[PDB]
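Protein chains: 2
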Amino acid sequence: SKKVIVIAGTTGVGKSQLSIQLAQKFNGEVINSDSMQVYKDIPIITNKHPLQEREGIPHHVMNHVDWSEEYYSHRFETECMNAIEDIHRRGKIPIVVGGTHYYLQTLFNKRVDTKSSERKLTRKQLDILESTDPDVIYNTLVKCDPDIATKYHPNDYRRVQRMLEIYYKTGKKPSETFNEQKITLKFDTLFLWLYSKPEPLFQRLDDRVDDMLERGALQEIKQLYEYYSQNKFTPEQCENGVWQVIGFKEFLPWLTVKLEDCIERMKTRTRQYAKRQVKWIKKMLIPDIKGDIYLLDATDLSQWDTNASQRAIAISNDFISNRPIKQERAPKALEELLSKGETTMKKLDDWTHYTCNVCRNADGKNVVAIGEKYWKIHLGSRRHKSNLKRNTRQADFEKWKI
Amino acid sequence: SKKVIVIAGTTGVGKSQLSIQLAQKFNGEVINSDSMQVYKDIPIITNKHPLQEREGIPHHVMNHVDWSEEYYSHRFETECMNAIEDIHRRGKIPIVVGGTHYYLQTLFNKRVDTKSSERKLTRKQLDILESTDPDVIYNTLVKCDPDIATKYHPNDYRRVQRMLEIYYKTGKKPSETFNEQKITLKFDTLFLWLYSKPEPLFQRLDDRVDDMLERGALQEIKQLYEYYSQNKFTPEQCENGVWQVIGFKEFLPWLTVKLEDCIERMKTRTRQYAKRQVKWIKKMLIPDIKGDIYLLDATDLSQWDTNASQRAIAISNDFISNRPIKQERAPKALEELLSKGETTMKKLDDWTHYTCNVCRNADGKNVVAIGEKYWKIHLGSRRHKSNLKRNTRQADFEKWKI
RNA sequence: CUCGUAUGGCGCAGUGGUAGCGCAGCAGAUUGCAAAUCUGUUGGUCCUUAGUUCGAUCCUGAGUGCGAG
RNA sequence: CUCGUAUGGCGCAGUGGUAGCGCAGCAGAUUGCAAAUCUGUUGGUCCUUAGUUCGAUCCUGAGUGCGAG
Ligand SMILES: [Mg+2]
Ligand SMILES: [Mg+2]
Ligand SMILES: [Mg+2]
Ligand SMILES: [Mg+2]
Ligand SMILES: [Mg+2]
Ligand SMILES: [Mg+2]
Ligand SMILES: [Mg+2]
Ligand SMILES: [Mg+2]
Ligand SMILES: [Mg+2]
Ligand SMILES: [Mg+2]
Ligand SMILES: [Mg+2]
Ligand SMILES: [Mg+2]
Ligand SMILES: [Mg+2]
Ligand SMILES: [Mg+2]
Ligand SMILES: [Mg+2]
Ligand SMILES: [Mg+2]
Ligand SMILES: [Zn+2]
Ligand SMILES: [Zn+2]
């Protein structure tokens with residue numbers, strides 16, 4: 013049927029260069045899936061692929077959202093799906109490339125629809141949703157559909173809220189809506205993952221940042237600060253829209276000698292981002308597509324043309340020709356990455372909650388662990404031990420007095 | 013979503029015993045997928061699972077077709093699909109077990125519908141279909157949609173015919189009908205493959221046959237011969253319906276001291292059957308479901324409870340609980356079976372035809388090879404060589420005669 | 001004791017110029033027959049020996065093996 | 001050759017009764033914010049050392065160490 017090629021991986025692994033080669037080599041167009049590249053201008057820090065390097069290959073859902081807007085999942089779903097459709101009926105093959113792998117879920121119906129399902133929210137319902145109180149919204153969720161509630165932590169405000177929002181707008185338990193989902197890949201998709209050993213990557217990513225603040229990144233940081241300022245924006249705003257970008261909020265303190280510190284902080288966010296991406300690919304993406312993915316070793320850039328270019332053009336050539344793939348799926352070196360051990364094995368599968376009546380966080384609430392495995396980690400952490408000692412010694416004083 | 017469990021493998025590997033355990037252990041019913049077990053009575057040779065061993069677990073699409081009928085793919089598709097539906101709405105989980113893995117295709121839309129698409133066949137069209145002439149029907153196919161025709165051998169009458177039949181009844185090129193197919197797994201399916209090393213299996217299968225002609229198989233062979241006779245049936249009939257069974261046509265010569280020979284012939288068909296099943300599972304089934312299958316080592320029956328029962332009950336437990344599977348998917352020992360090398364690598368992917376103008380079969384037609392790889396095998400076979408020598412030596416009598 | 005036959009794993013063809021086929025084995029295919037069907041292909045130097053002959057798997061002798069009298 | 005002064009990977013505190021805070025690091029979560037967000041956690045027993053005291057990282061005397069006339 014209608015094919016679709018997706019390229020996953022961290023940054024600094026040639027995700028773009030490959031997206032193009034395939035585009036020219038197989039008559040396709042690119043669809044961006046980076047939650048930050050969808051914003052206007054600000055290319056250097058948002059790391060966009062320079063036009064004079066796109067060989068005139070079309071690109072969709074990229075650089076068109078105004079800084080005043082807030083991009084999100086569903087928005088991408090309607091936009092991405094449109095590009096796919098269009099590109100198909102035009103006899104071309106879509107090549108979705110991005111860093112926000114979370115969005116890829118759209119390619120296999122992994123989301124709930126609360127748009128078409130309209131419903132006036134009750135004064136009572138809203139008062140609970142938009143409530144300022146902490147666990148008031150959580151206790152409500154536990155009340156109606158405790159199945160889904162036992163899958164989140166009481167502090168996961170963003171999500172606990174979302175869940176309830178669904179229970180209301182759809183009048184159907186979210187937990188049930190899931191046990192009924194298909195989660196089957198739409199269209200015939202081919203997943204290509206460009207990977208590189210952590211160490212070599214980190215080195216590259218570090219330098220990539222160094223000379224990145226030379227090619228004129230600072231000017232973009234200033235520009236963002238311009239819009240940031242003259243708009244009475246507080247640092248709290250760095251949780252929505254283009255303000256989440258890695259390359260701005262890191263220099264906010266410098267923008268009120277110490278600039279060299281905001282850089283290190285940026286380099287760090289970058290590494291963390293890369294690490295989380297791989298974690299997602301191994302524990303979220305792969306498990307979902309049942310491990311139907313092909314790795315491409317991009318550790319030693321020196322090579323690439325062989326380990327990435329050829330290898331991918333090969334797999335893709337067979338894919339497009341609506342045929343089975345004979346490729347190994349993962350080069351001897353990266354074999355373990357596709358192992359159950361490095362993937363579905365790590366997923367949490369025990370959601371029973373536990374509460375330590377002796378441990379409590381700064382927010383006042385008591386420590387609650389999820390999953391027996393982790394409940395024990397806590398019961399053995401220095402945190403718990405220490406608290407357990409002050410408690411005993413305290414309860415002991417009287418034992419002596421008496 | 014609605015789950016479905018399938019059990020594949022050769023015979024004599026406990027396919028049934030497992031189908032039951034899972035049925036009791038997970039609230040399910042069995043669906044038979046054996047092209048021969050769907051016939052009435054004749055249990056011993058068709059190897060049906062004795063009732064007093066089904067723990068009262070329901071079974072569908074099994075033992076209900078009258079010897080006068082001819083079961084087939086689509087028939088199974090409508091019947092199997094019905095049992096699935098019914099079993100589902102009743103809160104149960106279907107467990108399809110069978111030896112005819114070819115039928116499993118139904119679980120992932122791998123077929124063409126020429127029923128609902130009615131159309132009066134033209135006198136001209138039919139005259140060509142029901143034609144007695146050899147390659148008359150083939151040349152026609154090559155004319156209308158040569159793409160699909162280059163995928164079959166001119167002697168594959170059964171299939172070349174079917175292909176044309178589709179071109180007519182659907183007025184749409186079959187080749188195109190395929191490039192548009194989805195071939196996506198319907199429902200959420202779990203494939204369990206019960207495998208056993210060839211040697212030990214064969215030993216078991218041989219004895220299984222020995223004492224099989226003791227438990228009263230002969231009486232069934234006689235019964236079949238009864239219906240066979242008093243019906244003016246020729247041995248040619250052993251290409252349709254229950255007459256294809258392995259355990260009858262092998263004794264036809266004995267039914268016109277030499278009986279002991281029909282047995283060996285039977286044991287042989289049995290082995291071949293087992294070997295072809297695995298070839299199918301490795302080159303046909305697996306490649307189609309993208310290798311999403313779990314192996315269960317049943318070589319040493321002595322164990323089984325551990326390698327088969329537990330292992331499967333474990334995977335199944337996680338599967339049913341709508342969760343990701345942490346199981347290894349393949350025991351260290353059988354690992355290579357799921358390798359690309361033992362699967363999609365073996366598939367034919369070069370369909371260009373070749374004709375040896377010097378080699379010809381008894382039917383008079385010339386030898387035609389499919390696939391460069393095989394075209395060369397022919398050009399190097401003793402057959403070709405020998406024919407090439409008589410040709411030269413013969414043409415050498417021309418220089419001398421001139 | 002009479003007369004026969006002795007060919008790749010088995011069952012069989014064959015010609016005076018160094019041999020073919022069926023089955024099994026191995027392999028490819030499989031979108032209404034599938035426990036079925038189609039397709040390709042690896043194995044022999046024609047029991048041993050001495051002669052006849054330009055030359056023998058095939059002709060003659062002998063030995064050995066199996067075969068019916 | 002007189003002074004400061006060094007405490008988990010780094011940056012810094014600190015009570016006589018066997019230690020912290022920030023960074024990082026590790027880990028789990030993710031179904032409209034995801035380059036975000038939530039959550040759980042490994043790390044040194046306090047420069048080396050002799051004594052002072054019931055006791056010591058914190059009191060004292062050396063030796064080590066970087067810096068300081
Ligand atoms: Mg590159
Ligand atoms: Mg703007
Ligand atoms: Mg929200
Ligand atoms: Mg991390
Ligand atoms: Mg058993
Ligand atoms: Mg079959
Ligand atoms: Mg075979
Ligand atoms: Mg031959
Ligand atoms: Mg013989
Ligand atoms: Mg002969
Ligand atoms: Mg043949
Ligand atoms: Mg002579
Ligand atoms: Mg001689
Ligand atoms: Mg932290
Ligand atoms: Mg992310
Ligand atoms: Mg001391
Ligand atoms: Zn605690
Ligand atoms: Zn030839």
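Going down the list, the protein sequences come from chains B and A. Quick note, the first sequence lines up with residues 13 to 268, 276 to 421 if you use PDB author numbering. Quick note, the second sequence lines up with residues 13 to 268, 276 to 421 if you use PDB author numbering. Built from N, CA and C at the ideal position, the CB exists for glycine as well.
is_contact[residue i, chain B] using C-beta, thresh 8 Å
i, result
"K301 (chain A)", "no"
"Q193 (chain A)", "yes"
"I160 (chain A)", "no"
"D311 (chain A)", "yes"
"residue 269 (chain A)", "Residue numbering in chain A breaks between 268 and 276, and residue 269 (chain A) falls inside that break, so it has no position here."
"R348 (chain A)", "yes"
"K351 (chain A)", "no"
"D368 (chain A)", "yes"
"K359 (chain A)", "yes"
"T189 (chain A)", "no"
Contact with chain A by residue i, beta-carbon distance below 8 Å
i, result
"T325 (chain B)", "no"
"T363 (chain B)", "yes"
"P343 (chain B)", "yes"
"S13 (chain B)", "yes"
"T144 (chain B)", "no"
"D218 (chain B)", "no"
"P306 (chain B)", "yes"
"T196 (chain B)", "yes"
Rounded straight-line distance, which links the Cα of residue j to that of residue i
i, j, result
"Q33 (chain A)", "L63 (chain A)", "14 Å"
"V257 (chain B)", "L119 (chain B)", "25 Å"
"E262 (chain A)", "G40 (chain B)", "57 Å"
"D157 (chain B)", "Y393 (chain B)", "24 Å"
"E142 (chain A)", "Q193 (chain B)", "48 Å"
"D222 (chain B)", "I56 (chain B)", "12 Å"
"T325 (chain B)", "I17 (chain B)", "20 Å"
"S321 (chain B)", "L133 (chain B)", "58 Å"
"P350 (chain B)", "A349 (chain A)", "19 Å"
"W419 (chain A)", "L264 (chain A)", "56 Å"
"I43 (chain B)", "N121 (chain A)", "29 Å"
"residue 457 (chain A)", "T162 (chain A)", "Outside the shown range of chain A, which is 13 to 421, sits residue 457 (chain A), and nothing can be said about it."
Buried versus exposed call for residue i [16 or more other C-beta atoms within 10 Å across all chains shown]
i, result
"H61 (chain B)", "buried"
"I396 (chain A)", "exposed"
"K384 (chain A)", "exposed"
"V148 (chain A)", "exposed"
"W205 (chain A)", "buried"
"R330 (chain A)", "buried"
"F338 (chain A)", "buried"
"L314 (chain A)", "buried"
Cβ-heavy atom distance, residue i to ligand 17, below 7 Å
i, result
"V377 (chain B)", "yes"
beta-carbon residue i near ligand 2 non-hydrogen atom, thresh 7 Å
i, result
"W205 (chain A)", "no"
Near ligand 7: residue i beta-carbon under 7 Å from a heavy atom
i, result
"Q193 (chain A)", "no"
"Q291 (chain B)", "no"
Check: residue i C-beta below 7 Å from any heavy atom of ligand 18
i, result
"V109 (chain B)", "no"
"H165 (chain A)", "no"
"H372 (chain A)", "no"
Residue i CB to nearest heavy atom of ligand 5 below 7 Å
i, result
"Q29 (chain A)", "yes"
Residue i beta carbon near ligand 3 (any heavy atom closer than 7 Å)
i, result
"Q256 (chain B)", "no"
heavy atom of ligand 8 below 7 Å from residue i C-beta
i, result
"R402 (chain A)", "yes"
**Study point:** Lining residues of ligand 15 - beta-carbon closer than 7 Å to any non-hydrogen atom, in sequence order
**Key:** Checking every Cβ against the heavy atoms of ligand 15 under 7 Å gives B:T112, B:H113, B:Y114, B:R295, B:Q296 and B:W299.
**Study point:** Chain-ordered residues, beta carbon under 5 Å from a heavy atom of ligand 2
**Key:** Answer in sequence order: B:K52, B:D78 and B:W79.
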